[PDB]
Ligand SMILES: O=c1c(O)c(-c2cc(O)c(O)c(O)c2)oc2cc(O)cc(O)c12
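Given as structure tokens, the chain that follows is alone and in the form deposited without this ligand.
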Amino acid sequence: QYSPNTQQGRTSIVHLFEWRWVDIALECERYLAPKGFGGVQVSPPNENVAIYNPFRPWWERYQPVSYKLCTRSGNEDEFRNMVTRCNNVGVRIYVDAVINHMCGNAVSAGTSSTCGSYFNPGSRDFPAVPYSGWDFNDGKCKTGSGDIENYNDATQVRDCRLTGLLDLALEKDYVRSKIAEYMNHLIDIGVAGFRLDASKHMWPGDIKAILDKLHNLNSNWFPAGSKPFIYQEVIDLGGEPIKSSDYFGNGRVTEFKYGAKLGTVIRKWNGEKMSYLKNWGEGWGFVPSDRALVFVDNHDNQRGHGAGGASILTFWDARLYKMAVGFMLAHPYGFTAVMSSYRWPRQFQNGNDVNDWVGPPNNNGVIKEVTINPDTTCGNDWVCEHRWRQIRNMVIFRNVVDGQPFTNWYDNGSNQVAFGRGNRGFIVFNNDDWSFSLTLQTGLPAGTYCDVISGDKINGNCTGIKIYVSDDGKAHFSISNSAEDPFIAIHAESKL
């Protein structure tokens, strides 16, 4: 469960948030495969409630109606086609599994679903599964509202409705079986793993019982006996009865402290400085590296819909964002997940964005295709951070130094730091309010290296800055505090 199952040499996954199956298939062959990406996390592929007020919000996909592979992203045939094409080019697919609940109990009965399936939250009737009143925790929950009111109570957090979402009785073999049936269908199609949504709201034992009924990965692409990669979405920030470690037996867990702390440091908040990142990792109270899934931001907290809140860095803060993602990709702690989002009309009303519900680029509900501009960027309002030179080149950086130890760390006691990875890569950061000009030990063999942040290496040529490493692995670095990108990165594969 703990192994990503990615092709050897691929160390990251990208969350192509709300992308259509056909666009992901193309992206796999035209970009992800050749640029070294390990995998892709897709939005929930199962049928959900169609919400028209607001209008097709992004969160409607976290309200299941059935387990039919029928969504705004595409149908079953298109999903199968995408998984096959991606696996054929060495890019894995990870599915966002929404198995803790169904749709909101206050949602109107009818056929307002992505596949026309009928459902009735009022009577707990979901005939397309099929599920009935006997498959929910309405009798288990002992709160007055029926929803979760006390997070200091593990039992209600697990047996009560999370913000009104119908809570499934995962202790029932029938329900566990229906879920495993859905996940096994996806495994046979070819998915390499799953993101367990709202894992904190499920008992670790119930999850285990479900994983027990899962098949091994498709033997056409994976070695026999291969188990699906499992990462559970658990928001653990410190003083709650429920701990991330409670889920270590099922697989990896999302480390939400990673992005929250990194954002605070990069922003130079609460007195933090990049100099403290010397012991970054478990030393900061994070879960063991071999059990962590890290990221700077995600679809939830990038809108303020999650853990971290205000310190979270996202594409809106491009300069600091690129620096944060760069540091994460260069650091050996955990398995890294990169975010890929879309732009929305942000509107704040006293510190709160009233348009945080806005769904993906669309034409009257129909998701707009991802267009590629001549400069390899995306159009139609898709941000495509994974296509940003500074981010994509750092993704490759992590692959190149995969395995090398954290070494040659340097810091000025403030916000100017540098460190290498064995003898395969070196990165320098200048987050202070003054220029950086110093000769440092890189631990890299002598030669001319192309800075992969300001440019690229193309057939014995650099399109950006060039770094000269001498015989003793020493090299000079100059980064102005006013530089577009205040950091430099070089590695074994960027050497001329």
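Position 1 is the first residue in the sequence shown; the rest follow in order.
Unshown form solved in complex with this ligand; subsequent notes refer to it.
J.: What stretch, of 414 to 422, 162 to 170, 215 to 223, 396 to 404, brings heavy atoms to within 4.5 Å of this ligand in the bound PDB entry?
T.: Selected range: 162 to 170.
J.: Would you check, heavy atoms only and a 4.5 Å threshold, whether residue 101 touches this ligand in the bound PDB entry?
T.: Heavy-atom contact with this ligand at 4.5 Å: present for residue 101.
J.: Can you work out whether residue 63 and this ligand are in contact in the bound PDB entry, taking contact to mean some heavy atom pair no more than 4.5 Å apart?
T.: Yes.
J.: Against this ligand in the bound PDB entry, would residue 434 count as a contact residue? Criterion: heavy atoms within 4.5 Å.
T.: Contact with this ligand, no.
J.: Using heavy atoms and a 4.5 Å limit, would one call residue 138 a contact residue for this ligand in the bound PDB entry?
T.: Output for residue 138 is no: heavy atoms all beyond 4.5 Å of this ligand.
J.: With this ligand left out of view, which of 292, 198, 115, 324 would have a heavy atom within 4.5 Å of it in the bound PDB entry?
T.: Here the answer is residue option 198.
J.: Enumerate the residues of 221 to 238 that have a non-hydrogen atom within 4.5 Å of this ligand in the bound PDB entry, in sequence order, or give none.
T.: Read in sequence order, the lone residue that approaches this ligand (within 4.5 Å, in the bound PDB entry) is 233.
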